[PDB]
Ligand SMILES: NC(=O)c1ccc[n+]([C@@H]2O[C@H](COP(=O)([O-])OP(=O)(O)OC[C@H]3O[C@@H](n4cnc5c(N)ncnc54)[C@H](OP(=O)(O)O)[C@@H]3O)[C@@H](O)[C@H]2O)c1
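Presented below, as C-alpha cells, is a lone chain in the form deposited without the ligand.
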C-alpha cells in the first residue's frame, strides 16, 4: 500500500477529480475525509469508496475559515493526525476579465484562493514537526500557466495558488517541518459536469486545445496525487506537476 498510514483531507472530494483522488488514496491504504457542499452527494460518494473505517464525508465549504479548524479536529478524531491535505475544492466563472462582476470575482476567489490558503496555512500548523511525511497538494490547473480569455478570475486564482504554494514549500523546507507543498495542474478532465455542457468535450478535444485529441479522466489526476502524497516524492517540494494531454506544451 503506497499510502500506508496516511490520513488525508480531500476538499471537494465528492465529485470528479477529488472523488478519484479519494478513491485511489483509500485503495493505497490511506484513511480519507472528503468534503463537499451537499450531504446527498457526499454520503453517496463516501460509501461508493468504502466504509467509515477508511473514508468519511464532512459537509464543508472551503471558503469557510471557521469550518477548517473543525474539519481537522473531526478528521483527527476519526483517524488520527492528518498527514495529507489536498486543496481541490474549486468553482468556475465563464467571464473575461472585462466582463467579470466584482461579486463573481470575490466569490470565485473565496473558494479557489482563500480555501487553498486556509487549508495550506492550517495544514502547515497542524502537521509540522510530527515526522508524518506530510504533503500538501494544491490543485492549480493549466490556467495557472496560460491565460484563457473566458476565465479571467479563474486564471487569477490558479496563478495565485501556483506561486503561493512555492512560498509555503520553501518555508517548510528551510524550517525542517517535514511538510512538502506542490501543485497539480490538470488539463481538461471528463466529468459529469463536462458531459452536462453540450459541445464542451469536443471543444476541449480539438488538437489546438489538447494535442492528444481527447480529454483526460479523473484517475489521471488521482495517480499523480498518490505519488505526491506518498513518501516516494520525499524530495519533491515547490514544484508543479502538469497532466494535460499536451495543452501547455504548444
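Numbering follows the first chain given and starts at 1. Take the two forms, superpose them, and find the largest set of C-alpha atoms that agree within 1.5 Å; that set is the rigid core.
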Next item on the list: Check the entry's C-alpha temperature factors for 216-224 and 62-70, then say which stretch has the higher mean.
Entry: 62-70
Note to self: By the CA temperature factor listed in this entry, which of these ranks top: 159, 80, 123, 147?
What the structure shows: 80
Check: Highest CA temperature factor in the entry: which of 155, 135, 129, 96?
Finding: 129
Check: Considering only modelled residues of the same chain, in which third does the CA B-factor of residue 86 rank: lowest, middle or highest?
Finding: lowest
Notebook entry, point to check: So where's residue 167 on the chain's Cα temperature factor ranking, which third?
Noted result: lowest
Item checked: CA B-factor ranking of residue 16, expressed as a third of its chain -> highest
Next item on the list: Ordered by C-alpha B-factor within the chain, which third holds residue 34? Give me lowest, middle or highest, please.
Entry: lowest
Notebook entry, point to check: How does residue 76 rank on Cα B-factor within its chain, lowest, middle or highest third?
Noted result: highest
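We do not show the form deposited with the ligand bound, though everything after this point is about it.
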Notebook entry, point to check: If contact means any heavy atom within 4.5 Å, which of 73-81, 154-162, 120-128, 171-179 contacts the ligand in the bound PDB entry?
Noted result: 154-162
Item checked: Close approach of residue 225 to the ligand in the bound PDB entry, 4.5 Å, heavy atom -> no
Check: Using heavy atoms and a 4.5 Å limit, would one call residue 207 a contact residue for the ligand in the bound PDB entry?
Finding: no
Item checked: in the bound PDB entry, residue 214 touching the ligand (heavy atom, 4.5 Å) -> no
Margin query: With a cut-off of 4.5 Å between heavy atoms, is residue 22 one of the residues that contacts the ligand in the bound PDB entry?
Written below: no
Check: Thinking of 139, 186 and 191 as one candidate spot, does the ligand come within 4.5 Å of a heavy atom in every one of them in the bound PDB entry?
Finding: yes
Note to self: Within 4.5 Å of the ligand in the bound PDB entry, counting any non-hydrogen atom, which residues from 96-135 show up?
What the structure shows: 111
Next item on the list: Quick one: lay the two forms over each other on the core and tell me which of 195, 40, 53, 217 moves its CA by at least 2 angstroms between this form and the one not shown.
Entry: 195
